[PDB]
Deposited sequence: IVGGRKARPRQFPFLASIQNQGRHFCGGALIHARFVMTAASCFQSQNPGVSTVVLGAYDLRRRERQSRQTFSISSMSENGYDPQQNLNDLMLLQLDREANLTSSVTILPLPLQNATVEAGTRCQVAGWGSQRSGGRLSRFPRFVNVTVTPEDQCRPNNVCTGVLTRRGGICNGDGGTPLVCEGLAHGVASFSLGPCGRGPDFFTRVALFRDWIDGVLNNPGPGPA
């Protein structure tokens, strides 16, 4: 996150850190006891999911819960068009709901968020393209852009400062507006924070998400 503030412990207790050999590469959100929502553009082979984290470099044994990924589900992701950038990760077991691990609720199918709506985005990403990750979670206030600056598959945001928004390591992290996960961080163009940030429009996929959630398992073999 660029242009943000250091989070406090448990300020975003739904947040996931997705790791490859212990290295954070994307975020996500717990959306069900058994499932984390992230971006399809974040996928690799043999990753883990860490919930309840605060400082990436600390063990935090009494706060964290760690999981392997038993299955991944997507709905027509197209990497060329950056379309349908949404992935559900089935965890190896149900997460325990604690003061440091909670579920982030979803919008109903086709719910909208109007231009001008204030949201937040949090994550462990860098402050500049190619810079180091932040060991602590950071967060920034963002505002939904006019539709003409975006595209239907996405919810787009900007900030009033020169640079604020997502960066490397924030892919997959949720956009929270009015208490709901209205977006999944997907991409931005140009320097991090110049704007707009593009998030997958979660509300387009609610019925599909519910299908996954209600039919756990690795799918056809």
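Residues of the deposited sequence lacking C-alpha coordinates, numbered from 1, fall in the single stretch 44-47.
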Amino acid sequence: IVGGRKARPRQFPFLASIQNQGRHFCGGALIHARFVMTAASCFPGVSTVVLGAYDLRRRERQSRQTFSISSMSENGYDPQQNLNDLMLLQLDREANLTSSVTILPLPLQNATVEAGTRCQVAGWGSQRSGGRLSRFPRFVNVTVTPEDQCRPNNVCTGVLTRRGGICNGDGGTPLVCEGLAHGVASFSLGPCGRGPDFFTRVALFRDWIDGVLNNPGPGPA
From here on, numbers count along this sequence of modelled residues.
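Stretches 10-18 and 209-217 differ in mean CA B factor, with 209-217 having the higher one. With 178-186 and 159-167 compared on mean CA B-factor from the PDB entry, the stretch scoring higher is 159-167. The PDB entry assigns the greatest CA B-factor among 154, 173, 70, 41 to 70. Remark: of 100, 134, 109, 81, 81 shows the highest value [criterion: C-alpha B-factor in the PDB entry]. When all modelled residues of the chain are sorted by CA temperature factor, residue 88 is found within the lowest third. Looking at the C-alpha B-factors along this chain, the one for residue 61 belongs to the highest third. Ranked against the other modelled residues of its chain, the C-alpha B-factor of residue 142 as given in the entry falls in the middle third.
For residue 26, the recorded CA temperature factor ranks within the lowest third of the chain's modelled residues.
In the PDB entry, a CA B factor belonging to the lowest third of its chain's modelled residues is recorded for residue 37.
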